[PDB]
Amino acid sequence: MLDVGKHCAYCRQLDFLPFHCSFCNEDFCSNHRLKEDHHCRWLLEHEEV
Ligand SMILES: [Zn+2]
Ligand SMILES: [Zn+2]
């Protein structure tokens, strides 16, 4: 029993395949794998049009 999956940092969902973001450096369930999903700081930093 060691690191049995990472829980989303937005909805807190225990997933087996945590999506690691190479922009904000955070784990998020597949459902929130997208950037905007977890409100990626990078997306907010550059939001035009
Ligand atoms: Zn999630
Ligand atoms: Zn991100």
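Each value, and the rule that gives it
Residues numbered from 1 in each chain as written, not as in the entry; some residues may be left out. Chains lettered and ligands numbered in written order. Heavy atoms only, no water. Core = buried A, V, L, I, M, F, W, Y, C linked by side-chain atoms within 4.5 Å. Buried < 20%, exposed > 50% of the residue type's maximum accessible area, 1.4 Å probe, protein only. Contact = heavy atoms within 4.5 Å. UniProt positions renumbered as here; feature names shortened; annotations may be inferred. Helix = DSSP H or I, 4+ residues; strand = E, 2+ residues; numbered from the N terminus. Donors = N, O, S within 2.8 Å, 3.2 Å for Na, K, Ca; no water. Tetrahedral: all angles 85-135°; square planar, octahedral: opposite > 155°, others 65-115°.

Per the PDB record, this model was obtained through solution NMR.

A separate point is the nonpolar core. Counting residues in each nonpolar core, the largest one holds six residues, listed as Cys8, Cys21, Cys24, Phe28, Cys29 and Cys40. Setting aside chain neighbours within four positions, we find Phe28 in contact with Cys8, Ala9, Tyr10, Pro18, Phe19, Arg33 and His38.

Here the UniProt feature "binding site: Zn(2+) 1" sits at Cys8, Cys11, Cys29 and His32. For the annotated residues, spread through 25 residues, the largest C-alpha to C-alpha distance comes to 8.4 Å, consistent with a single compact locus. As for its placement among the helices and strands, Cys8 is situated in the loop between β1 (6-7) and β2 (14-15). In this structure, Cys8 is in contact with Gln13, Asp27, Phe28, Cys29 and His32, ignoring residues within four places of it in sequence.

Bringing the coordination of the zinc ion (ligand 1) into the picture now. Protein-derived coordination of the zinc ion (ligand 1) comes from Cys8 (SG), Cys11 (SG), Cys29 (SG) and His32 (ND1), at a distance range of 2.2 to 2.5 Å. For the zinc ion (ligand 1), the four donor atoms in the first shell make angles of 101 to 121 degrees at the metal, a pattern classed as tetrahedral. Counting residues between consecutive donors of the zinc ion (ligand 1) along the chain gives the motif C-x2-C-x17-C-x2-H. Taken together, the residues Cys11 in the loop between β1 and β2 and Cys29 in the loop between β4 (27-28) and α1 (41-45) connect sequence positions 18 residues apart. Residue classification places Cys11 among the partly exposed residues on the basis of a relative accessible area of 34%.

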